Amino acid sequence: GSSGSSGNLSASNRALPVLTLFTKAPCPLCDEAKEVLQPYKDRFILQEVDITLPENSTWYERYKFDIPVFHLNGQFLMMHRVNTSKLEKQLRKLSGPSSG
């Protein structure tokens, strides 16, 4: 869509966090959520997990009413919406100094 544009000093390895996105349907939320992760699509690896699936029924069974869920670095970052503010926060500091 857009190659994007945003360069700044960093001086650090290259590796973004894996955001576990759990969408479902019918759910006009998981829809918007994503849209909320548009400016953050490159901010990390948006892992869209289909909870509507049987093999993933577990994810759903655990998060059938607490979606959409968002796990940053394999840790529930936020659910029931997409509080960018929260996301961004984590984004800034997640991995940390030498870790992984």
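Taking Rh as the Kirkwood radius computed over C-alpha pairs, what is the Stokes-Einstein D of the range 43-100 at 4 °C in a medium of viscosity 1.567 mPa s, expressed in µm² per second?
Values: Rh = 12.6 Å.
Using the Kirkwood radius from Cα pairs, D works out to 103 µm²/s.
Taking the Kirkwood radius as the inverse of the mean 1/r across Cα pairs, report the Rg/Rh of the range 2-79.
My calculation puts Rg/Rh at 1.05.
Partners of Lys41 within straight-line reach, counting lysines whose Cα lies under 23 Å from its Cα and excluding those fewer than 8 residues away in the same chain: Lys24, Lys86, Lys89, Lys93. Between amide H atoms placed 1.01 Å from N, distances below 5 Å from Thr23 occur with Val49, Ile51, all of them 5 or more places distant or on a separate chain. In this rough spin-label picture, where each label sits 7 Å from Cα along the Cβ direction, the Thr84-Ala15 distance is 2.8 nm.
Between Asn73 and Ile45, the contour length at 0.36 nm per residue exceeds the Cα-Cα span by 9.1 nm.
For the chain, the antiparallel share of DSSP beta bridges with both residues in that region comes to about 55%.
Every number in this text was worked out from the coordinates using simple rules, so none of it is lab data. Neighbour counts run over all protein chains shown; Cβ positions are idealised from the backbone, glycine included.
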